[PDB]
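Right, one structure below, let's go through it.
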Amino acid sequence: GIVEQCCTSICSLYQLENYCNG
Amino acid sequence: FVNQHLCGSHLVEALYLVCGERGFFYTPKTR
């Protein structure tokens, strides 16, 4: 789901905001 | 800032800090 989108590929502050809303 | 790798408890800690005073209201789980 959400962990892979920062774990197996890099993520941004805008993604770290979205993971709080999802 | 530049985009970075984060997994598990470090991905939770980073999303909680970027979400400021909100974060999760419940205990965290990997998804």
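Numbers at a glance
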| item | result |
| --- | --- |
| Cα gyration tensor, the protein assembly as shown - rounded (a/c under 1.5), prolate or oblate | oblate |
| Estimated FRET transfer efficiency when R0 is 22 angstrom, pair residue B:2-residue B:29 (beta carbons, to 0.05) | 0.20 |
| Cα centroid separation, chain B to chain A (Å) | 8 |
| Shielding by other protein chains, A:2-13, mean Cβ within 10 Å | 5 |
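Read-outs: derived from the displayed coordinates by stated rules, not from any lab. Counting neighbours? That spans all protein chains shown, and the Cβs are built from the backbone with ideal geometry, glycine included.
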